[PDB]
Every structure is written in structure tokens, then in C-alpha cells.
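Examining the three-dimensional arrangement
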Amino acid sequence: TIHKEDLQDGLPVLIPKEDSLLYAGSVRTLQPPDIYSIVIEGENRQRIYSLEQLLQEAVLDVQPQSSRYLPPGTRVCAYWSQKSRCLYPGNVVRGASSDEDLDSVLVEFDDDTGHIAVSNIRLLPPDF
Amino acid sequence: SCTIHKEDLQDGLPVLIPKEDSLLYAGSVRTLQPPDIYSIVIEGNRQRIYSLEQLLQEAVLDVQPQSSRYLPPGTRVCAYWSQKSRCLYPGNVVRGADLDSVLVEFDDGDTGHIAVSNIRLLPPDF
Amino acid sequence: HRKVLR
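Residues numbered from 1 in each chain as written, not as in the entry; some residues may be left out. Chains lettered and ligands numbered in written order. Heavy atoms only, no water. Residues with missing side-chain atoms left out of burial classes, pairs and counts.

The next subject is the interface of chain B and chain C. Facing 9 residues of chain B, the contacting portion of chain C comprises 4 residues. Note on chain B versus chain C: buried area summed over both sides is about 630 Å², and carbon and sulfur give 50% of it. For chain B, the biggest contributors to the area lost against chain C are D21, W81 and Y89 of chain B; these three give 61% of the whole. Joining chain B to chain C, the criterion identifies 2 salt bridges. Notably, a salt bridge pairs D108 of chain B with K3 of chain C, separated by 2.5 Å at the nearest N-O pair. One can count 5 residue pairs in polar contact joining chain B with chain C. Here the side of chain B that touches chain C takes 3 residues from strand β9 (residues 111–115) of chain B, the largest share from any one element. Taken together, the residues of the side of chain B that touches chain C break down into 3 nonpolar, 3 polar and 3 charged. (Contact = heavy atoms within 4.5 Å. Buried area = accessible area lost by both parts, 1.4 Å probe. Salt bridge = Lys/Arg side-chain N within 4 Å of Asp/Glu carboxyl O. Polar contact = N/O pair within 3.5 Å; in protein donor to acceptor, adjacent residues only side chain to side chain. Helix = DSSP H or I, 4+ residues; strand = E, 2+ residues; numbered from the N terminus. Nonpolar A, V, L, I, M, F, W, Y, C, P; charged D, E, K, R; others polar.)

On to the side chain of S68 of chain B, then. Residue and element names in this part refer to chain B. The topology assignment puts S68 in the loop between β5 (60–61) and β6 (76–80). On the basis of relative accessibility, which here comes to 13%, the residue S68 falls in the buried class. Among the polar contacts made by the side chain of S68, one reaches the main-chain carbonyl oxygen of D98 at a distance of 2.9 Å. (Buried < 20%, exposed > 50% of the residue type's maximum accessible area, 1.4 Å probe, protein only.)

Listed per partner, the contact involves 14 residues of chain B and 15 residues of chain A. Counting the surface lost from both chain B and chain A, the interface buries some 1100 Å², and carbon and sulfur atoms represent 51% of this. Per-residue buried area on chain B facing chain A is highest for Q33, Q47 and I49 of chain B; these three make up 45% of the total on that side. Linking chain B with chain A are 0 salt bridges. Broken down by secondary-structure element, the contributors of at least two residues to the side of chain B that touches chain A are β2 (24–31), β3 (37–42), β4 (46–51) and α1 (52–58) of chain B. In terms of residues, the side of chain B that touches chain A owes the most to one element, β4 of chain B, which gives 4 residues. Among the residues forming the side of chain B that touches chain A, the class breakdown is 4 nonpolar, 7 polar and 3 charged.

Attention shifts here to the environment of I4 of chain B. Residues and elements named next belong to chain B. Tracing the sequence through the fold places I4 in the segment before β1 (14–18). Spatially, the C-alpha atoms of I4 and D21 are 21 Å apart, while their sequence positions differ by 17 residues. In this structure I4 touches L9, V15, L56, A59, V60 and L61, once residues within four positions along its chain are discounted.

All names here are of chain B. A complete count under the given rule lists 3 aromatic pairs over all chains for this structure. Look at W81 and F106: their rings are 5.4 Å apart centre to centre, the planes differ by 85°, and that puts the pair in the edge-to-face class. Each member of the pair, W81 as well as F106, is classed as buried. For the ring pair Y89 and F106, a centre distance of 6.5 Å and an interplane angle of 85° mean the geometry is edge-to-face. (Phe/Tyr/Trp six-rings, centres within 6.5 Å; stacked < 30°, edge-to-face > 60°.)

A separate point is the layout of surface pockets. In this structure, the second largest pocket occupies an estimated 450 Å³ of space. Considering the residues around the second largest pocket, the lining is formed by 23 residues, among which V62 and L123 of chain A together with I37, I49 and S51 of chain B are closest to the centre. Going through the elements one at a time, β5 (59–60) of chain A together with β4 and α1 of chain B are the ones with two or more residues in the lining of the second largest pocket. With 3 residues, the top contributor of residues to the lining of the second largest pocket is β4 of chain B. Of the residues assigned to the lining of the second largest pocket, the class counts are 13 nonpolar, 7 polar and 3 charged. (1 Å grid on protein atoms, 1.4 Å probe; cavity = no way out; pocket = protein on both sides within 12 Å on 5 of 7 lines; lining within 4 Å. Points joined across faces, edges and corners; volume = space filled by probe spheres on them.)

So, on to the domain arrangement of chain A. Residue and element names in this part refer to chain A. Segmenting chain A into domains produces domain 1 (4–60) and domain 2 (67–123). The centre of domain 1, based on its C-alpha atoms, is set 24 Å off from the matching centre of domain 2. Listed per partner, the contact involves 6 residues of domain 1 and 9 residues of domain 2. Considering only the surface of domain 1 that becomes buried against domain 2, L14, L21 and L22 emerge as the three largest contributors, covering 64% of it. Here domain 1 is connected to domain 2 by 0 salt bridges. Our count for the domain 1 to domain 2 interface comes out at 1 residue pair in polar contact. Element by element, the count of residues in the side of domain 1 that touches domain 2 is highest for strand β2 (residues 22–29), at 3 residues. (Domains from an automatic or database assignment.)

Structure below.
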């Protein structure tokens, strides 16, 4: 989904950590070819990535404009706890309360359904 | 009139973009490989990815006038208020009582003289 | 967002 061309300094991405959750950060290019670092919003020690690893693991960090851009079935991740900075994967759904709100959606998380502000949603590739 | 068209969204295009503070920030368009999404390098400099549609609705071209000739009273502008801040404040030129400065009444209630080099044009109905 | 004073 991320193309190598677009790996320039400051590109906003989401990356997985050892907890199988996503974290927002930005690409940092290094002088030697084929290596990058990721700077995570919040957290500390960075990790150096090959181009291959980055393309295989990271996705673009993209916040949808409104709930109209989030039809049911849309693959997403979301911030949950206001204290934590991990993002949890799920899919947008309609529920009983889907009964005009531009600014929030329902997300059936992989791990079960929550009511999420659109500003706390990030898009994922469909086959994530 | 500083309103952005799709055809002009190319790498390096200078724009002004609103942040969640109702102020404007100078930025540059970076095209990505996927069509219809862009990264804006926003002035340190951080990036945010925008869809084409959100850019068309929210961003304007960064246009610095050469003089006050076509900034008569009534002209919609934004302006750097201080050298210590990169935010631009929206307002309108107003009549005073100068080719290189104009008097601006800002939406937030401040009024002050602004050097023409610190003015950026805005669409009339912005 | 505080603003510089004139």
C-alpha cells in the first residue's frame, strides 16, 4: 500500500508493535540507502527498518473526513482509551443506534462493538 | 481566486491549510503514488495526509501580493501577526485615516497594520 | 492559542 517512492522524511504512517496493535508515527530517512527509522508519537528508542520491512509492515496514516466516508464494511483501526496511543483494528458497522451524525461511527472491533469519534478513526487497507 | 482546482494539485504547490484552531498554516503539496490522496507538509514541519476532496474544500493557494495596490479596504486576507508565529489570521483590509502596508481588521477582533509581504490573499467568501 | 500582544 505504501509505495517506496513515498517514503520521504515525515511521511505519516501506522506501524505494528510487539502487541499486535498499530501505532502512529512518521518515517525518518537515513543517509545510507535502504534504511529508515520510525518516530512514534509519544513512545524513546527508535527502530531501524529496511525498505522491505517497512513496505511489508507499515500503512499510511489516513483520517477520514466524516462518517459519510465510512460505509459499513470499511476496514479501520481506532484509538480507544484516551490514555493509550495504540490503535485497534475493526470494521465499520451500522447498529441499532445508526438511526445524521457526521462525526462518529460504530466499529465492530476484531477483539466487541464500540462508538468511535471519526477523528479517532484511521483507514486500513481492506485485506488487513 | 486562490481557490484550488484539481488540475493544479502537483508536487511542490504552495498552499495555506486550516488547522483545528481556525487559523491558517502555510504548506506544500506532496503527491503520493495513490491518486487522489496527498501529503501536506505543514509549517517545525509536520505532515498530514488529505484526500483530494478535503483539499479542494479546505485549502487555498498561498499567494503573496507584490504591493497594496489591489488590497483596498474590504479585501479578504490572512496575515502573519508576528515573526514569532507561523499561523496566519483571517480578516479584511479596512480604511485607515502606504504601498507597503495595509490596515487589517481580523476575524478574532484584533486590528493592526500588516506589511504587504506578510499578507496572503484569500477567496472573498472564505 | 495565545496570540502575541500589540
